[PDB]
Amino acid sequence: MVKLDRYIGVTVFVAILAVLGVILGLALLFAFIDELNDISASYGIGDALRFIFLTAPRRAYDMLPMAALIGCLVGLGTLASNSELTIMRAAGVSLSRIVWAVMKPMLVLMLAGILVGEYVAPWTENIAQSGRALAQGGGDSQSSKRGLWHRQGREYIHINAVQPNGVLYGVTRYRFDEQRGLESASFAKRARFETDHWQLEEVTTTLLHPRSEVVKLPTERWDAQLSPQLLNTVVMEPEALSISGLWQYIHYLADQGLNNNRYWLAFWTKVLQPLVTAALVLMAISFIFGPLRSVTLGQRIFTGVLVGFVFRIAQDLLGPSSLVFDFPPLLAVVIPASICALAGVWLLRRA
Amino acid sequence: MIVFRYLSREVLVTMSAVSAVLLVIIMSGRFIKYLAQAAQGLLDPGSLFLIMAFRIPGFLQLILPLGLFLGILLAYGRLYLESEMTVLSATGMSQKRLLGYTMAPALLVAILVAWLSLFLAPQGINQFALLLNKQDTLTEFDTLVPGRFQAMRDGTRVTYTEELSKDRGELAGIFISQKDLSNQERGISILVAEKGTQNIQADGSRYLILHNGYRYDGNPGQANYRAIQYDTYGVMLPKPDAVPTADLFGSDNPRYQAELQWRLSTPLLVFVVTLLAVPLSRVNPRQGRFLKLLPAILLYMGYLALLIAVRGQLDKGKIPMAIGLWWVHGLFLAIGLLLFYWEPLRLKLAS
Amino acid sequence: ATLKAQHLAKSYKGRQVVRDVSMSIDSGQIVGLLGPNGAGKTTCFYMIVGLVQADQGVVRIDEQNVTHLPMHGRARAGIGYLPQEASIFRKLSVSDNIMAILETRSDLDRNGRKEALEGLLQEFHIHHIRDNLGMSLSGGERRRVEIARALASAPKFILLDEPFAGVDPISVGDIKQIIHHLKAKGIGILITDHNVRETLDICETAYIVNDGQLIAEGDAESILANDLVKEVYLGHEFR
Amino acid sequence: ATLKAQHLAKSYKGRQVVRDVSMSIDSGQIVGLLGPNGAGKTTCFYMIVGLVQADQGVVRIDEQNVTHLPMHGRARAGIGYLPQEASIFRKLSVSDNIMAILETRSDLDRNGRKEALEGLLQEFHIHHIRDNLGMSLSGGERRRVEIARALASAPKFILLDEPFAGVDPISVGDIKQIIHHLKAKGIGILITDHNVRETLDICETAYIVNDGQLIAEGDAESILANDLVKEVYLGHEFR
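Dropping the structure here:
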């Protein structure tokens, strides 16, 4: 059972690769279509291309499960289109054997895909959003999306972007006298936290009362807590964080007593992704390729896309609802995966 | 004439089924988001049915042409598979004649989406906007807690206050931080106050006066600053979609001309996609009636999304109001023309 | 009339499936086209119907070149086509199947269109199923109303594609009867099929193509006596 | 070994396609199945192969009921199937077509798999195309390697689907020769086709089912002399 297993293995493998190629191409195409309302004449089509193509290694990982479902459907769809699968099972080979032969290249592309997306996606993505924001509207005291406003005593602080590395980007320090006269307005590009104090870098403090001094190194005057929940409201979504970053952050707010369940959920959708994909395509292969009736390839891929979008909606509703009611995050991703798995098993026994 | 009513009835009933499916889908997702918002903050629990009822034309507007696309694709695919179109054109039916027979329902649906797009969208978004503006002008908690630090949409302006009054129209300890529009007047403006008093207008918006404050129009780290010692200062703040209003034709405002071009552009888009789907339904090889459906939906999204992109760049990019939208419609028109005249170019070049 | 196909040649990825095949078929005679599957029989027949565009060659109906124009033009010239698969309007009745195509005829009036509708209905004895839809008819009745529609286009030639495909031995005689009906109207008939016995039994001047080139021609006995066709197609053991 | 299918019946939404069809096939004999298309001729064969699940009835191969098992279960019980369409593994060569299924055989060894591979390769005259892929073969070679795999599954019965359909009259003798080879190997053979002449020429005990019920059975002469099959199937003008 080596020649058939390598046959379906290579077929499903190259099928998943091609599907990922086309889907990634269309995704980048629409991203470029959508990023055409943002040009401020500072940088447009070129910075667009740089942003999109730096985001391609990220988007490939987000596309890997769908490319795996559709890919397996293209493999077994092309094999069953030429009547090879019907006679393959008409000779003693059960359907479960075919499901495993299809699932091994999937497990290879998912186990290999999670470390590719986690080692290559966060870096290229950080460069992408960083450069895009900087040329688009970065360095400004004001930041799009969300920037943190806080008041300490008679001092007003705005943060352009809080990164989950303990670094604050775009720190404005508005220091008025009691009389409200601005005795100093300052700006800092980045800030580092070290034990007892906040140490700012690339700082520019300007005021003209009886100069515009520029200090590049630490300034420590924040007795404010700048609480980890206040900062936690402004952290970027756990999508960009590495898997290890999700673990260390999960355990970062756990020590502070802050709750960390969204990050547990993303952690488990990240770690158990080959499993939920394996169950999804198990149920799909069982349901679509089960009956002996000949089905065209477009109908197979179409109905499988319907399955993938339906269960996609299922997890999308079942996550927020999983943690608003404070359940364990593991069963959140395990229960739908086990439903697709057991449904695929019962469909296998139906045949 | 039996062919006319035959293909016309098939196309109309098929596009009606597809538009019903897509309509239930979109209305169910948007319903999940509106019931969601109605569960998160208990916003309008009773009349969310009325909210969706106002959102119906805005969805049917964009759903109807796609339903026509996949309608003629599915129905004509049916006729090609079962050899009906073969013996149809084997008798003397030119593909031009097929494009006319198909083009009459395109005119009907073009009128339906025309009156719906011109009339029912500004009305539905108008009523939805008035209800939303009342139940949200007193339920959207747009007024401060007082709390601190309220921000608008982008984050350009920030209003901060320590106290609200009985009339929820007095203030105390005010500070505002705003930018204007861009390149011009790049400086950030900040105002500080002891006492302020907010006045809201029955029509909408809010106007507030602050007493004995200060005014600054300079950037934190540039050393260019101005001080304005005042004792009374009245600011008119904006509002707590806005463009879908009424059908006032293209005037001095370029945004109204653009929106008129888009609302007017949807039926022409119906005609264009109708031209696309007549030769794109040649699935005679009897191997794929569901195959072109995904490229049809995705390509149609490449029509709609790109049209929205150039419509967005129509106002700030100074694309003359005779070039842009007709440039898009001309692109996809060129696609349809090419697809239609693929074979006549072979036959006429052969001569 | 006179249908002519002179020096047909098709190139298929370095492979010449059919090269320099010339045949002619006149109105009122039943002409067959047979040979091995790899030969130019399959591609050449479509090159006559117009489904497959001929890379090189001439196809003219009655001194009028009809080769490289669309299929509907060939239909106006008089060339009708009848595929093997179900081609009935499943949603239209029999009277709607015949009238629907009768309305396309240029030279008619409502008296002529209804007269032709009733004439074709009572001609093929399908007057009792004039209300039954396409999907409700059986196979024989389906082919019957298909032939009725083909006559409703008023052609000078008809190209039958696999007539004796999937047909019971009891219905082959009915097929012979309806094809003789078509012959009695002075309309040419071209038949291609794998049922060589009945095909040659009904065809007057059949052609035989092998490995791209025409290898034989003539009546049933002339082909049964040809040694090359016995070498490559019929076999020394057939009949 | 003797396969029996007792009281098969398939119902299609108020129309009973097959009622009370019983058939038996012994190892080493060629059994045919014929009849009209609307009859249970087509559906019964599928109910035996396992492609169509029988609503009610018994299907047993040598005392082992195979009715409510998957098609692969019938395959392990000994039921092999050979469809008419292309069933070749187009991307792997012929030797991979036979060896790929030979590796699934429980009762073999690596020496045994190579010996059986060579035996089937030189046995079916496919020894020269050991390098050609599936998609590269012609029709005859296609069917040869298909039958080669069918025997490579080591079945006790083989269910051929339209063997004589679309074969040139020169190849009919080759098909009969290979089916006689399958006869000489002690494996049952079920043949269904529309070419009644060649099937009855090669089948020993053919069956005829009409409108659901079995109407005839017996030898070629018993069927040619049977009056019902000439009334509803053969058409009084057979041979």
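Protein chains in written order, with the deposited numbering: chain G, 1 to 210, 214 to 354; chain F, 1 to 181, 184 to 242, 252 to 362; chain B, 2 to 240; chain A, 2 to 240. Backbone N, C-alpha and C define an ideal beta-carbon position, used for all residues, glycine too.
Taking the Cα positions, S165 (chain F) is about 48 Å away from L333 (chain G). Taking C-beta atoms as the reference points, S42 (chain G) and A135 (chain G) count as a pair closer than 8 Å.
The beta carbon of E104 (chain B) falls within 8 Å of a beta carbon belonging to chain F, placing the residue at that interface. For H195 (chain B), the nearest beta carbon of chain A is closer than 8 Å to its own beta carbon. Runs of alpha helix (DSSP H) with 4 or more residues, each lying fully within the region 14 to 75 of chain F, are absent. In chain order, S89, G92, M93, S94 make up the part of chain F whose C-beta sits under 7 Å from the C-beta of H73 (chain B). Look at the region 145 to 171 of chain F: the residues with a C-beta under 8 Å from a C-beta of chain G are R148, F149, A151, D154, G155, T156, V158, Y160. Between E199 (chain B) and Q30 (chain B), the C-beta gap is not smaller than 8 Å, which leaves the two residues out of contact. For the region 38 to 94 of chain G, the full-length alpha helix (DSSP H) segments reaching 4 residues or more read 45 to 81, 84 to 89 along the chain. Taking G77 (chain F) as the centre and dropping the five residues before and after it, the same chain places the C-beta of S292, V294, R300 closer than 6 Å to its C-beta, in chain order. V237 (chain G) carries a coil assignment under DSSP once its states are collapsed to helix, strand and coil. Here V294 (chain F) carries a coil assignment [DSSP, helix/strand/coil]. For the region 291 to 311 of chain G, the set of positions with a beta-carbon nearer than 8 Å to some beta-carbon of chain F reads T299, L300, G301, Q302, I304, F305, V308 in chain order. Residue pairing from DSSP places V59 (chain B) in a beta bridge opposite B:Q7. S154: these are the residues of the region 139 to 159 of chain A whose beta carbon lies less than 7 Å from some beta carbon of chain G, given in chain order. Of the other Cβ atoms in all chains shown, fewer than 16 fall within 10 Å of the Cβ of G147 (chain F); this residue is therefore exposed.
Along the region 96 to 125 of chain B, the positions whose C-beta sits under 7 Å from a C-beta of chain F are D97, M100, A101, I102, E104, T105, read in chain order. Our two residues, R150 (chain A) and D194 (chain A), have alpha carbons roughly 21 Å apart in a direct line. Less than 8 Å separates the beta-carbon of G51 (chain B) from that of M72 (chain B). Taken in chain order, the complete beta strand (DSSP E) segments of 3 or more residues contained in the region 48 to 121 of chain A are 57 to 62, 80 to 83. Look at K3 (chain G): its C-beta is under 8 Å from a C-beta on chain A. For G347 (chain G), the CB contacts under 6 Å within the same chain, skipping 5 residues up- and downstream, are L285, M286, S289 in chain order. By the Cβ test, the region 224 to 240 of chain B is not in contact with the region 51 to 68 of chain A, since fewer than three Cβ pairs between them sit closer than 8 Å. Chain A has no Cβ within less than 8 Å of the Cβ of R146 (chain G). Here the alpha carbons of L35 (chain B) and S94 (chain A) stand approximately 32 Å from one another. Contact with chain B is absent for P84 (chain A), since none of that chain's Cβ atoms lies less than 8 Å from the residue's Cβ. Residues of chain G whose Cβ lies closer than 7 Å to the Cβ of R198 (chain A) do not exist; the shortest such Cβ separation is about 27 Å. The DSSP-derived three-state label of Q186 (chain F) is coil. The alpha-carbon separation between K96 (chain F) and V11 (chain F) amounts to approximately 17 Å. By the Cβ criterion, the region 105 to 113 of chain G is in contact with the region 9 to 20 of chain G, since at least three pairs of Cβ atoms, one from each stretch, lie closer than 8 Å. The Cβ atoms of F69 (chain F) and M52 (chain F) lie no closer than 8 Å to each other.
About 6 Å separates the beta carbon of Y169 (chain G) from that of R190 (chain G), a gap short enough to meet the 8 Å contact definition. If you ignore the 5 residues before and after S325 (chain G), its C-beta comes within less than 6 Å of the C-beta of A335, all in its own chain and listed in chain order.
The C-alpha of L43 (chain F) lies about 7 Å from the C-alpha of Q37 (chain F). Collapsing the DSSP output to three states places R265 (chain G) in a helix.
Residue environment: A76 (chain B) is assigned as buried (16 or more neighbouring CB atoms within 10 Å of its CB, all protein chains considered).
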